[PDB]
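S.K.:
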Amino acid sequence: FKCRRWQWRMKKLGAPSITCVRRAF
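Set out below in structure tokens:
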């Protein structure tokens with residue numbers, strides 16, 4: 001699996017959550 005743009009999503013206090021925003025083979 002190779003993403004392309006991990007966008008830090010929202011999470012606990014002062015702590016974002018970068019998840020995979022692209023499913024590029």
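If you're matching positions, the sequence shown starts at 1 in the deposited numbering and goes up one per residue. Here a beta-carbon is modelled for each residue, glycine too, at the ideal position from N, C-alpha and C.
Please report the residue range of the beta strand (DSSP E) in which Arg9 lies.
M.R.: Taking the sequence shown and counting its residues from 1, the one referred to as residue 9 is at position 9. First-last of the beta strand (DSSP E) with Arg9: 7–9.
S.K.: Might you give, ordered along the chain, the residues of its own chain that have their beta carbon closer than 6 Å to the beta carbon of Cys3, omitting 5 neighbours on each side?
M.R.: The residue you call residue 3 lines up with position 3 of the sequence shown. Only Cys20, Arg22 meet the Cβ criterion.
S.K.: Tell me whether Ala15 sits in a helix, a strand or coil according to DSSP, three-state version.
M.R.: Here residue 15 refers to the residue found at position 15 of the sequence shown. In the three-state scheme derived from DSSP, where H, G and I count as helix and E and B as strand, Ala15 is classed as coil.
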